[PDB]
There are 2 protein chains.
Amino acid sequence: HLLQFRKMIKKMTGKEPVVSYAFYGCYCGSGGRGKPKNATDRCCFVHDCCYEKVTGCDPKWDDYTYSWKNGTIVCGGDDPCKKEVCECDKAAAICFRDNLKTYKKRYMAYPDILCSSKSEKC
Amino acid sequence: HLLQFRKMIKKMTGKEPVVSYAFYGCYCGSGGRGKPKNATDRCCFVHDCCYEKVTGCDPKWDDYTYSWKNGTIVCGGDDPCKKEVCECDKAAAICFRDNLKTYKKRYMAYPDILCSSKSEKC
Ligand SMILES: CCCCCCCCO[C@@H]1O[C@H](CO)[C@@H](O)[C@H](O)[C@H]1O
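Rules and cut-offs
Residues numbered from 1 in each chain as written, not as in the entry; some residues may be left out. Chains lettered and ligands numbered in written order. Heavy atoms only, no water. Helix = DSSP H or I, 4+ residues; strand = E, 2+ residues; numbered from the N terminus. Rg over C-alpha atoms; globule rule 2.2 N^0.38 Å. Buried < 20%, exposed > 50% of the residue type's maximum accessible area, 1.4 Å probe, protein only. Contact = heavy atoms within 4.5 Å. Areas by Shrake-Rupley, 256 points an atom, 1.4 Å probe, with all protein chains shown as cover. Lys, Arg positive; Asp, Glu negative; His and termini not counted. Charge placed at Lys NZ, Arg CZ, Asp CG, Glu CD. Patch = residues over 30% accessible without salt bridge, like charges linked within 9 Å, V, L, I, M, F, W, Y side chains within 5 Å. Salt bridge = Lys/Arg side-chain N within 4 Å of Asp/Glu carboxyl O. UniProt positions renumbered as here; feature names shortened; annotations may be inferred. Polar contact = N/O pair within 3.5 Å; in protein donor to acceptor, adjacent residues only side chain to side chain.

> Explain the overall build of chain A to me, please; I cannot follow it from the model alone.
A tally of regular secondary structure across chain A gives 4 helices and 2 strands. Mapped from its N terminus to its C terminus, chain A presents α and β elements in the order α-α-α-β-β-α. The C-alpha atoms of chain A give 14 Å as radius of gyration, which agrees with the globular expectation for 122 residues (14 Å, within 12%). Seen along its three principal axes, the alpha-carbon backbone of chain A occupies a region of about 40 × 30 × 20 Å. Expressed as a percentage of the 122 residues in chain A, the buried residues total 41%. Counting contacts in chain A only where the partners sit at least 6 residues apart, residues at least 24 apart contribute 64% of the total. A total accessible area of about 6200 Å² is found for chain A, and carbon and sulfur atoms account for 56% of it. The distance from the centre of the 22 positive side-chain charges to the centre of the 15 negative ones in chain A is 9 Å.

If you want it as structure tokens, here you go:
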């Protein structure tokens, strides 16, 4: 579920996801279009390519099970599809954390019309 | 250019594009995610797949040359890349016109979070 993804981001990043990430760049949030704006926008590009692989379940609205065991997200459960989407979310939050230093405030709330017409390939 | 696409739509459809089409369904406008909402949302889906083929120029911001010769859009010019994008625009406007009867007002201003997680393939 996206609300779980939201907690993973808030925890690792310290920022309120709905404000700082929901509308960043060209690939964060919605779907995505063009070429990733920056390091953080690429984290979203990948997260998008990830959700594209999940077949058996709904990565957006399906609740998965994970644990913050040891300051790290621990994806669990007996369902591999859900565990799959959980690993997608876990990787993105980590990605956001590692690139926090190159986060530009000018890209949050970024206009899509300004995004490339040639989208990058997963 | 998108401003030319805008005139083609207004003419064929009678509707102000910025209001009735710029935010329709899941694919209309810059972007697109999930599965096309309806017949009109699919016109946008295709228009998007069209712009994906244009390689040598900017379908969004490049001005092309066309003419309303005989109540029909007539794409011209010596540039094939530009003529290509013009044909994309011309096809969509026509598409909007042919499906005007199934246009649902509930889809204009449609929220993206509500769009499918599994995008359709061009
Ligand atoms: C599909 C019909 C598009 C006709 C041209 C409309 C021009 C406005 O374009 C719109 O601008 C918005 C805000 O800048 C963006 O969020 C939309 O994605 C974009 O389509």
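> Please clarify how a positive patch on the surface should be interpreted in this entry.
Where like charges cluster on the molecular surface, the positive patch consists of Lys35(A), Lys118(A), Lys121(A) and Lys53(B). Its location among the elements puts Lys53(B) in helix α3 (residues 39–53).

> Just to check I follow, could you spell out the pattern of salt bridges for this structure?
Where charged atoms from two side chains of opposite charge come close, those side chains can pair. All names here are of chain B. Counted under the stated rule, the structure contains 9 salt bridges over all chains. For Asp 98, the salt bridge is made with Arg 97, and the minimal N-O distance between the two is 2.6 Å. Given a relative accessible area of 37%, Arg 97 falls into the partly exposed group.

> Explain the UniProt feature "binding site: Ca(2+)" in chain A here, please?
In the UniProt entry, the feature "binding site: Ca(2+)" is given for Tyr27(A), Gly29(A), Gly31(A) and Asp48(A). In three dimensions, the annotated residues from a span of 22 residues occupy one location, with a maximal C-alpha spread of 8.9 Å. For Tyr27(A), a relative accessible area of 6% gives the class buried. The residues contacting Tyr27(A), other than those within four sequence positions of it, are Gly32(A), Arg33(A), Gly34(A), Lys35(A), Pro36(A), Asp41(A), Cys44(A), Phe45(A), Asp48(A), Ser119(A) and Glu120(A). From its side chain, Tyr27(A) meets the backbone oxygen of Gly34(A) in a polar contact 2.9 Å long. With respect to the element layout, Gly31(A) can be found in the loop between α2 (17–20) and α3 (39–53). Excluding anything up to four places from it in sequence, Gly31(A) contacts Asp48(A) and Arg33(B).

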